[PDB]
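**Q** here is the sequence, then the experimental structure:
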Amino acid sequence: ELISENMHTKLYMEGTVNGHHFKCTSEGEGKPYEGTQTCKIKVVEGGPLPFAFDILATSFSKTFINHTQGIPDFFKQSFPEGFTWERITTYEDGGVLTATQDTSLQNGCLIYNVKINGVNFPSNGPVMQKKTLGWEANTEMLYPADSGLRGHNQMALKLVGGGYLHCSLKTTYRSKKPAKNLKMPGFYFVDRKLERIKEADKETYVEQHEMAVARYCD
């Protein structure tokens, strides 16, 4: 019941990418049961970034997925204790971005803390050359594993000049609520699309929108 129809999020992010240090903050809001949310992001240290902001997009909120068909909701169930997630995104041209995240609920607001390591992005590739055009829609698979949930996703980063850069994402989501107090889902899918509402100043301000809907085979 601590997750209401309308919720606010606040986030802190720090990391490096190819040795370049940066920090971001954001604030957002959404409708957790409808699977929609937005956030307004600022690069507060290290801006303008020397790499495409697209590589940070998926690191800014799992409480906002519309779990349909009665699928148990590992994320909404985890409160008040909250949960963590940890992820590797591998780009086919050699860059890797890992992220670790803590999600907590404090005074009615969702609070996110994120740490990022981006390593080995090719110095002339589209990420470091800022020749990217955002992400296509995608479907994550999720199922229980390693005492939490495992997720796998594949994504396509659209490129200036045509074509795409492929990525895989492998994630584990861990509840801070005792296992005995959780009803685990079985295997399921989450369909997503992530857009920008607006941006400005060399991607040092970006407003993202996400829609996320959980289902079985359709």
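**A** Arrived safely, thanks for sending. Numbering: from 1, shown residues only.
**Q** show me what contacts residue 53?
**A** Contacts for residue 53 (CB atoms under 8 Å, 6 or more residues apart in numbering) come out as 199, 203, 206. To be clear about C-beta, it is placed using only N, CA and C from the backbone, and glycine gets the same treatment.
**Q** can you map out the helices along this structure?
**A** Along the chain, counting by DSSP state H, helices occupy 74-77.
**Q** rewinding a little: who wins on neighbours among the contacts of residue 53?
**A** Among those, residue 206 has the most neighbours (other CB atoms under 10 Å), with 23 neighbours.
**Q** tell me what that one is bridged to.
**A** Note on residue 206: beta-bridge partners residue 41, residue 199, judged by DSSP bridges.
**Q** then the one 5 residues further on?
**A** Residue 211 has these beta-bridge partners by DSSP bridges: residue 36, residue 193.
**Q** let the chain start at 228 from now.
**A** Noted, 228 is the first residue going forward, which turns the last one into residue 438.
**Q** how many residues are close by it?
**A** For residue 438, the neighbour count with other CB under 10 Å is 18.
**Q** where's the residue positioned nearest the centre of the chain relative to residue 365, distance?
**A** Nearest to the geometric centre of the chain sits residue 285, at 3.1 Å (CA atoms, centre = their mean). Taken as CB to CB, to the nearest Å, the spacing of residue 285 relative to residue 365 amounts to 10 Å.
**Q** okay, and the common contacts of those two?
**A** Taking CB under 8 Å, 6+ apart as the contact rule, residue 285 and residue 365 both touch residue 382.
**Q** how about the contacts made by residue 380?
**A** Applying CB under 8 Å, 6+ apart, the residues near residue 380 are 365-368, 395-396, 398.
**Q** also residue 435?
**A** Residues near residue 435 by CB under 8 Å, 6+ apart: 265-266, 268, 284, 287, 421-424.
**Q** over to residue 379?
**A** Contact partners of residue 379, counting by CB under 8 Å, 6+ apart, are 367-368, 395-398.
**Q** tell me what it is bridged to.
**A** Beta-bridge pairing for residue 379 (DSSP bridges): residue 368, residue 397.
**Q** rewinding a little: out of the contacts of residue 379, who has the most neighbours?
**A** Most surrounded of these: other CB under 10 Å gives residue 398, at 21 neighbours.
**Q** surely that residue and residue 312 touch.
**A** Yes: at 5.8 Å, residue 398 and residue 312 qualify as touching, with contact defined as CB atoms under 8 Å.
**Q** in the chain, which spans are strands?
**A** In the chain, the segments counted as strands under DSSP state E are 234-244, 247-258, 263-272, 293-294, 310-318, 323-333, 336-346, 359-362, 365-372, 375-386, 391-402, 415-427, 432-442.
**Q** and those: which comes nearest residue 303?
**A** Nearest to residue 303 among the strands of the chain is strand 293-294 (7.5 Å), distances taken as CB to CB.
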